[PDB]
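1. Pasting the sequence and an experimental structure:
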Amino acid sequence: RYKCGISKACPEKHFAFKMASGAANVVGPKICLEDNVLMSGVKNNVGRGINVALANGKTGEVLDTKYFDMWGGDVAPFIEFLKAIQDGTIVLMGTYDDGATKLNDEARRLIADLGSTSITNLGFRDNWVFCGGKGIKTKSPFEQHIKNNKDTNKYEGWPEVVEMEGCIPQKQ
């Protein structure tokens, strides 16, 4: 078995990761980095909205985990958290149930600045996983989403879980 349960070993100077969005409003998202589960329902540290894990881009050590209720909460605390992210930080995000309703243009742009392309159009109950960074100079190569579409949804009212795994280049 490889770190995070990924399919193949990461090359040298890379951090392994594996993540999944939540399933409907019943199974929380899961974020694993370098064989350490940062957030999961079993850890009881996930909740409705956007679930965020921050990690040092040089060591891979977890700095913080928080979640922000993008259905029933105020967006101002989430913006304060986003603005405080330091340069070089690895930013892992996953949705649980709804991650879009309370987003505003400012929050979407701050996340787009971390390398996200999906955040701009993220809508009600879309599932999304992302791994970006503060100071990235490209679109992130780690981002997947599944739109909420009644004609194709796996669940009654929500899309299937979206999953992603990969190798994050270690900052030198």
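-> Ah, there it is. Numbering: from 1, shown residues only.

2. all helices for the protein, in order.
-> 76-83, 105-112 (DSSP state H).

3. residue contacts, the residue nearest the centre of the chain?
-> Central residue of the chain (Cα atoms, centre = their mean): residue 93, 1.4 Å from the mean position. Residues near residue 93 by Cβ atoms under 8 Å, 6 or more residues apart in numbering: 50, 51, 52, 53, 111, 116, 128, 129, 130, 131, 132. All C-beta atoms are positioned from the backbone trio N, CA, C, and that covers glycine.

4. same thing with residue 138?
-> Residue 138 touches residue 115, counting by Cβ under 8 Å, 6+ apart.

5. Distance of it relative to residue 7?
-> Separation of residue 138 from residue 7 (Cβ to Cβ, to the nearest Å) stands at 24 Å.

6. Do you have the strands of the chain handy? List them.
-> 14-20, 30-33, 36-39, 49-55, 62-68, 90-96, 127-133, 143-146, 163-169 (DSSP state E).

7. partners of the fifth one, with directions?
-> Right, the one you point to is strand 62-68. strand 49-55 (antiparallel) (DSSP bridges).

8. ok, back up a step: including mean neighbour count, could the helices of the chain go into JSON lines?
-> Formatted as JSON lines, the helices of the chain follow (neighbours: other Cβ atoms under 10 Å):
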{"stretch": "helix 76-83", "mean neighbour count": "15"}
{"stretch": "helix 105-112", "mean neighbour count": "16"}
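
9. Out of the ones you listed, flag the one nearest residue 11.
-> helix 105-112 (27.8 Å; Cβ to Cβ).

10. so how far is the closest one off the chain centroid?
-> Distance of helix 105-112 from the chain centroid (Cα atoms, centre = their mean, to the nearest Å) equals 14 Å.

11. Alpha carbons of that helix, as CSV, please.
-> Only the C-alpha atoms of helix 105-112 are listed here, as CSV (Å, rounded to 0.1, in the frame of the first residue of the first chain):
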residue,chain,number,x,y,z
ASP,A,105,-17.5,37.4,-5.7
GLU,A,106,-14.7,38.2,-3.2
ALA,A,107,-14.6,34.7,-1.7
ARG,A,108,-14.7,33.2,-5.3
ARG,A,109,-11.8,35.4,-6.5
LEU,A,110,-9.6,34.6,-3.4
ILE,A,111,-10.1,30.9,-4.1
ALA,A,112,-9.5,31.4,-7.9
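
12. just checking, what packs against it?
-> helix 76-83 (3 or more Cβ pairs under 8 Å, 6 or more residues apart in numbering; DSSP states H and E).

13. by how many degrees do the helix it packs on and strand 49-55 diverge?
-> Per axes from the mean of the first three to the mean of the last three Cα atoms, to 10 degrees, the angle that helix 76-83 makes with strand 49-55 is 30 degrees.
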